[PDB]
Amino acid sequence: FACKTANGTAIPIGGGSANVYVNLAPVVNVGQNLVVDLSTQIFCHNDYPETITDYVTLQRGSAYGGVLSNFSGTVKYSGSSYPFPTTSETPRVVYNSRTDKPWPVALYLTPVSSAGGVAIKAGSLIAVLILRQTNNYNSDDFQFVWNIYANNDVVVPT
């Protein structure tokens, strides 16, 4: 089991960490969602599906910077909604293919009433998403830590 981003940034067998740089909608109103789709950004595969099934969760999703300050959120994992920042580990997604498949995570971030003006700064960390991989075969238990950064400012009109 290993993962790589659309940017080609790899985290090998055994886990690790990687930075992910995303383009965000430039303008988002209070009450509406900024959508951060990681399913086009992060991909993983199973190296031995003949014998092993990999189990993959979002163990923890944390908000940072302008997202923590200016937004409330949910995360969709495999299309189902949970609080973001997370308050528990998600259900597991089974990874049974040697072909890469997306990690099915998207954030839906709504500016709160206090927000206005520049709500997320270009270059800033918006989220850390911890992918946890275990399996049905041995004791492997590894974290693939994804730091998510904004490529551009996000403005909340006033």
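Start at 1 with the first residue shown and count on from there. Heads up, when I say rigid core I mean the largest set of C-alphas that superpose within 1.5 Å between the two forms.
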item	value
Between 4-12 and 149-157, larger RMS Cα displacement in 7 other deposited structures of this protein after core fit	4-12
Residue, from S124, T53, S39, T57, that the PDB entry assigns the highest Cα B-factor	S124
CA B-factor placement of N46, once the chain's modelled residues are sorted into thirds	lowest
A10 - which third its CA temperature factor falls in, relative to the rest of the chain	highest
Position of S72 among the chain's modelled residues by C-alpha B-factor, lowest, middle or highest third	highest
Where the record places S139 (Cα B-factor, split into thirds across the chain)	middle
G31 - Cα temperature factor, lowest/middle/highest third of chain	highest
